[PDB]
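J.: Just dropping this structure here.
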Amino acid sequence: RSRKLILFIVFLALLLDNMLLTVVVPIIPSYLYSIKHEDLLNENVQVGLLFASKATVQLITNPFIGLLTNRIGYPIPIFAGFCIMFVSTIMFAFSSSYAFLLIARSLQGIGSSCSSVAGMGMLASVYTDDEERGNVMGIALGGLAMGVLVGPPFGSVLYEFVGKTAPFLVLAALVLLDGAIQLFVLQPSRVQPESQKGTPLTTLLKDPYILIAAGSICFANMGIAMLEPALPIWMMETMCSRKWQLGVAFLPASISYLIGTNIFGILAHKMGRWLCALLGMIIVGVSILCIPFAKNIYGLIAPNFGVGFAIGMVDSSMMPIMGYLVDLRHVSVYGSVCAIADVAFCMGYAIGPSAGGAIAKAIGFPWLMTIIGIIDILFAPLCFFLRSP
Ligand SMILES: COC(=O)[C@H]1[C@H]2C[C@@H]3c4[nH]c5cc(OC)ccc5c4CCN3C[C@H]2C[C@@H](OC(=O)c2cc(OC)c(OC)c(OC)c2)[C@@H]1OC
């Protein structure tokens, strides 16, 4: 009856959430191109809306699930989001209709948000010690980040080796194992009238100082959000990739993310968070500019590594400064940093792929990548105001 067990269930829950969020990336455009082979960019823009559907649904849903966890209890909605995730797995596996894909992703968003809120809530509640709670949240988020490293090569290899249905089924089997673990971990379900601070996050979002860092993360991951759906079609077109290099194309970004965060989480505190974020944004800009420069799959290993490393740079700079500013000049509560980070990520993935597809409909991929480079460069100086809050 170890608490580390519940840590394991929540860890694998959000890890599986990201893994399923990510393995869907290099396969759906293949579906759409294959179906349409037997309105050329309408499929691309509807892919962009498909990717943005989860972000929009989660953004709308998060207050509702927060209130629901406040009112009815902690154990019920995690299992509800579990069942939702299982339905999403089955719809990705067996269903092949585009509208079915939109419904599956939109449904998936609710369960993903519900897990990402309520599991963190239990992880904080059971872990009474504040420092212990903080470091366990850190390791849970580290697994959350490592899930998107696991995802893409797994999905691409199982897409090419077996077919269109095998890897979603493997993810579904992982879902069932997770649910068995969750059910066996906790036999009873309690109402859990946990007490929480009444100060909301709308005041935190209203502050420009937090908003600058939130926007920094927003565009920093809007780069990768816009990078997600365009690359597969960009490799089917004028690139003649052999239908499997998608996973090995996205892998360097993830591995660079993990190595950069792991090697700068101890250094950004020493050297300075504001200039660290400044350099991170500059590196995002230059790598994003250089992604069009590559003309072969071998070439893309460098700029993807750069953008992943720089996104890790920005995250390592900006994750602790949220809590620092919140403790300095706002309500001293835990979990609001996670809430503001989540709303920033949802914002970015809401307008990332949608605007990416909208631009790609009439403007080519090179100008898209360059222009988001200009937004990155232009946003870089605004981080200087964060040096002395
Ligand atoms: C898409 O999936 C995501 O959206 C997550 C990742 C996004 C993003 C990403 N996508 C990729 C897709 C690729 O091929 C398609 C290749 C590389 C990447 C990378 C590298 C960079 N990155 C990692 C991922 C980062 C995740 O978020 C957090 O790890 C996080 C961390 C925190 O502290 C560290 C938080 O605060 C305590 C927090 O609040 C909830 C969230 C993020 O949200 C869940």
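We label chains A, B, ... in the order they appear in the structure tokens, count residues from 1 in each chain, and number ligands from 1 in the order shown.
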Please provide the set of residues having any atom within 8 Å of residue A:105, restricted to only C-alpha atoms, with same-chain residues fewer than 2 positions apart removed, written as a ChimeraX atom specification.
T.: /A:50-51,53-54,88,101-103,107-109
J.: Could you give me, as a PyMOL selection string, every polymer residue with an atom at most 8 Å away from an atom of ligand 1, counting only C-alpha atoms and all ligand atoms?
T.: chain A and resi 18+21-23+25-26+116+137-138+141-142+144-146+148-149+151-152+221+224-225+227-228+247+250-254+257+308+311-312+315-316+319+337-342+345-346+349
J.: For each of A:114, A:296, A:45, A:134, take the minimum atom-to-atom distance to residue A:354, counting only C-alpha atoms, then give the residue where this is smallest.
T.: A:45
J.: Determine which residues of stretch 214-368 of chain A receive a DSSP assignment of helix (DSSP H, G or I), computed from the backbone, and state them as a PyMOL selection string.
T.: chain A and resi 214-236+245-264+268-271+273-293+301-329+336-362+365-368
J.: Deliver the residues from the most recent selection as a file, using C-alpha atoms, as a short mmCIF file (atom, residue, chain, number, x, y, z; two decimals), in the first residue's frame.
T.:
```cif
data_model
loop_
_atom_site.label_atom_id
_atom_site.label_comp_id
_atom_site.auth_asym_id
_atom_site.auth_seq_id
_atom_site.Cartn_x
_atom_site.Cartn_y
_atom_site.Cartn_z
CA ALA A 214 3.60 32.46 -20.14
CA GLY A 215 3.81 33.94 -23.63
CA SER A 216 7.48 33.00 -23.84
CA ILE A 217 6.56 29.36 -23.25
CA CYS A 218 3.54 29.81 -25.53
CA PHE A 219 5.56 30.77 -28.61
CA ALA A 220 8.50 28.53 -27.66
CA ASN A 221 6.24 25.49 -27.86
CA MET A 222 4.15 27.04 -30.63
CA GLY A 223 7.26 26.43 -32.69
CA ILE A 224 7.05 22.68 -32.14
CA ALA A 225 3.23 22.76 -32.35
CA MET A 226 3.46 24.30 -35.82
CA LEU A 227 6.29 21.87 -36.58
CA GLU A 228 4.14 18.80 -35.82
CA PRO A 229 1.66 18.56 -38.74
CA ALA A 230 3.69 20.24 -41.49
CA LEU A 231 6.73 17.93 -41.43
CA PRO A 232 5.01 14.67 -42.53
CA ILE A 233 3.41 16.26 -45.60
CA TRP A 234 6.64 18.17 -46.23
CA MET A 235 8.41 14.81 -46.39
CA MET A 236 5.80 13.14 -48.59
CA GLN A 245 11.58 8.35 -41.19
CA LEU A 246 9.00 10.49 -39.36
CA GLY A 247 9.80 9.00 -35.97
CA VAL A 248 13.56 9.29 -36.40
CA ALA A 249 12.97 12.85 -37.62
CA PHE A 250 11.11 13.81 -34.44
CA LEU A 251 13.38 11.84 -32.08
CA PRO A 252 16.35 14.30 -31.99
CA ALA A 253 14.08 17.09 -30.74
CA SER A 254 12.86 14.99 -27.82
CA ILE A 255 16.26 13.60 -26.83
CA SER A 256 17.73 17.11 -27.05
CA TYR A 257 14.88 18.37 -24.86
CA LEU A 258 15.62 15.84 -22.13
CA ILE A 259 19.40 16.27 -22.21
CA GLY A 260 19.15 20.07 -22.24
CA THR A 261 16.69 20.25 -19.36
CA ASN A 262 18.71 17.73 -17.35
CA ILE A 263 21.95 19.65 -17.91
CA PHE A 264 20.53 23.18 -17.40
CA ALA A 268 20.10 28.26 -15.10
CA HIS A 269 19.70 29.03 -11.40
CA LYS A 270 23.39 29.94 -11.22
CA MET A 271 23.74 31.89 -14.46
CA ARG A 273 16.93 32.86 -15.67
CA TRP A 274 16.18 35.96 -17.76
CA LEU A 275 19.27 35.81 -19.97
CA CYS A 276 18.93 32.02 -20.11
CA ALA A 277 15.45 32.46 -21.57
CA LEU A 278 16.81 35.15 -23.91
CA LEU A 279 19.42 32.76 -25.32
CA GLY A 280 16.82 30.00 -25.48
CA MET A 281 14.50 32.15 -27.57
CA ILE A 282 17.36 33.21 -29.86
CA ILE A 283 18.32 29.57 -30.40
CA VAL A 284 14.68 28.72 -31.13
CA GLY A 285 14.66 31.47 -33.73
CA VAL A 286 17.85 30.42 -35.48
CA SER A 287 16.99 26.70 -35.46
CA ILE A 288 13.47 27.39 -36.76
CA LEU A 289 14.97 29.57 -39.49
CA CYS A 290 17.42 26.80 -40.38
CA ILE A 291 14.84 23.98 -40.60
CA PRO A 292 13.95 24.96 -44.21
CA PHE A 293 17.68 25.02 -45.02
CA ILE A 301 18.96 16.07 -37.53
CA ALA A 302 20.74 19.34 -36.70
CA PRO A 303 17.91 21.94 -36.66
CA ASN A 304 15.46 19.61 -34.92
CA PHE A 305 18.11 19.00 -32.27
CA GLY A 306 18.57 22.76 -31.99
CA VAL A 307 14.87 23.51 -31.60
CA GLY A 308 14.44 20.74 -29.03
CA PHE A 309 17.48 21.90 -27.07
CA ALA A 310 16.25 25.49 -27.15
CA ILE A 311 12.72 24.56 -26.08
CA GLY A 312 14.31 22.74 -23.16
CA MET A 313 16.38 25.86 -22.53
CA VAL A 314 13.26 28.04 -22.34
CA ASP A 315 11.36 25.55 -20.17
CA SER A 316 14.24 25.19 -17.71
CA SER A 317 14.44 28.98 -17.55
CA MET A 318 10.72 29.71 -17.17
CA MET A 319 9.27 26.87 -15.06
CA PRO A 320 10.86 27.99 -11.75
CA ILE A 321 10.44 31.72 -12.38
CA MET A 322 6.65 31.27 -12.42
CA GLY A 323 6.75 29.95 -8.87
CA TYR A 324 9.33 32.55 -7.86
CA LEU A 325 7.16 35.45 -9.03
CA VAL A 326 3.99 33.85 -7.64
CA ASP A 327 5.56 33.49 -4.19
CA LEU A 328 7.09 36.97 -4.40
CA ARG A 329 4.04 39.00 -5.43
CA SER A 336 -1.13 27.35 -9.58
CA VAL A 337 2.24 27.20 -11.34
CA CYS A 338 1.06 23.96 -12.97
CA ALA A 339 -2.26 25.60 -13.84
CA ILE A 340 -0.66 28.62 -15.51
CA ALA A 341 1.85 26.43 -17.35
CA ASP A 342 -0.95 24.16 -18.57
CA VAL A 343 -3.05 27.09 -19.76
CA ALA A 344 -0.01 28.46 -21.61
CA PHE A 345 0.63 25.11 -23.30
CA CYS A 346 -3.04 24.77 -24.22
CA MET A 347 -3.04 28.31 -25.62
CA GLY A 348 0.00 27.57 -27.78
CA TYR A 349 -1.27 24.24 -29.08
CA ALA A 350 -4.64 25.88 -29.68
CA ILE A 351 -3.25 28.49 -32.07
CA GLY A 352 -0.15 26.57 -33.15
CA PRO A 353 -1.29 23.91 -35.62
CA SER A 354 -4.44 25.79 -36.65
CA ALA A 355 -2.53 28.90 -37.69
CA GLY A 356 0.18 26.68 -39.16
CA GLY A 357 -2.31 25.00 -41.47
CA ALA A 358 -3.99 28.31 -42.27
CA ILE A 359 -0.66 29.81 -43.34
CA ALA A 360 0.43 26.66 -45.19
CA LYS A 361 -2.80 26.71 -47.22
CA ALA A 362 -1.65 29.75 -49.23
CA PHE A 365 6.41 26.06 -45.55
CA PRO A 366 9.69 28.06 -45.81
CA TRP A 367 8.00 31.43 -45.28
CA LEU A 368 5.93 29.91 -42.46
#
```
J.: Which is closer to residue A:242 than all the others in A:267, A:48, A:30, A:75, using only C-alpha atoms?
T.: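 Closest residue, counting only C-alpha atoms: A:30.
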J.: In Å to one decimal, how far is atom CA of residue A:375 from atom CA of residue A:212?
T.: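 These atoms are spaced 14.0 Å apart.
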J.: With only C-alpha atoms as the counted atoms, please give the residues lying no more than 9 Å from residue A:115, apart from itself and same-chain residues fewer than 6 positions off, as a PyMOL selection string.
T.: chain A and resi 10+13-14+17+77-79+81-82
J.: Would you put the residues from that selection into a file with C-alpha atoms, as a short mmCIF file (atom, residue, chain, number, x, y, z; two decimals), in the first residue's frame?
T.:
```cif
data_model
loop_
_atom_site.label_atom_id
_atom_site.label_comp_id
_atom_site.auth_asym_id
_atom_site.auth_seq_id
_atom_site.Cartn_x
_atom_site.Cartn_y
_atom_site.Cartn_z
CA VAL A 10 -0.16 8.88 -12.08
CA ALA A 13 -1.06 7.99 -16.71
CA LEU A 14 0.38 11.26 -17.99
CA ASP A 17 -1.27 10.64 -22.27
CA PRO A 77 -12.77 11.65 -12.28
CA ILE A 78 -9.37 9.98 -12.77
CA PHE A 79 -11.17 6.72 -13.56
CA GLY A 81 -10.71 10.13 -17.70
CA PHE A 82 -9.25 6.63 -17.85
#
```
J.: With a distance cut-off of 9 Å and only C-alpha atoms, select the neighbouring residues of residue A:124, excluding the residue or stretch itself and same-chain residues fewer than 6 positions from it, and output the selection as a list in words.
T.: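 Residues meeting the cut-off are residues 130, 133, 134, 136, 137, 334 and 335 of chain A.
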J.: Go ahead and save the residues from that selection, with N, CA and C atoms, as a CSV table (one decimal), in the first residue's frame.
T.:
```
chain,number,residue,atom,x,y,z
A,130,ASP,N,6.1,19.4,2.0
A,130,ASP,CA,6.1,20.3,0.8
A,130,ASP,C,7.2,20.1,-0.1
A,133,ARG,N,6.6,16.8,-1.9
A,133,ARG,CA,5.6,17.0,-2.9
A,133,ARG,C,6.2,17.7,-4.1
A,134,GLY,N,7.0,18.7,-3.9
A,134,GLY,CA,7.6,19.4,-5.0
A,134,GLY,C,8.5,18.5,-5.9
A,136,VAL,N,8.5,15.2,-6.1
A,136,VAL,CA,7.7,14.1,-6.7
A,136,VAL,C,6.9,14.7,-7.9
A,137,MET,N,6.4,15.9,-7.7
A,137,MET,CA,5.8,16.6,-8.9
A,137,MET,C,6.8,16.8,-10.0
A,334,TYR,N,0.4,26.0,-4.0
A,334,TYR,CA,1.0,25.1,-4.8
A,334,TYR,C,0.0,24.5,-5.8
A,335,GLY,N,0.4,24.4,-7.1
A,335,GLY,CA,-0.4,23.9,-8.2
A,335,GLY,C,-0.8,25.0,-9.1
```
J.: With distances taken over only C-alpha atoms, which residue among A:9, A:140, A:32, A:24 lies nearest residue A:167?
T.: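 Between A:9, A:140, A:32, A:24, the residue approaching residue A:167 most closely is A:24.
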J.: How far is it from atom CA of residue A:139 to atom CA of residue A:7, in Å with one decimal?
T.: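 Those two atoms sit 9.4 Å apart.
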J.: Find the residues near residue A:16: any atom within 8 Å, counting only C-alpha atoms, skip ones fewer than 5 places away on the same chain, and give them as a list in words.
T.: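 Once the adjacent positions are removed, what remains is residues 147, 171, 174 and 175 of chain A.
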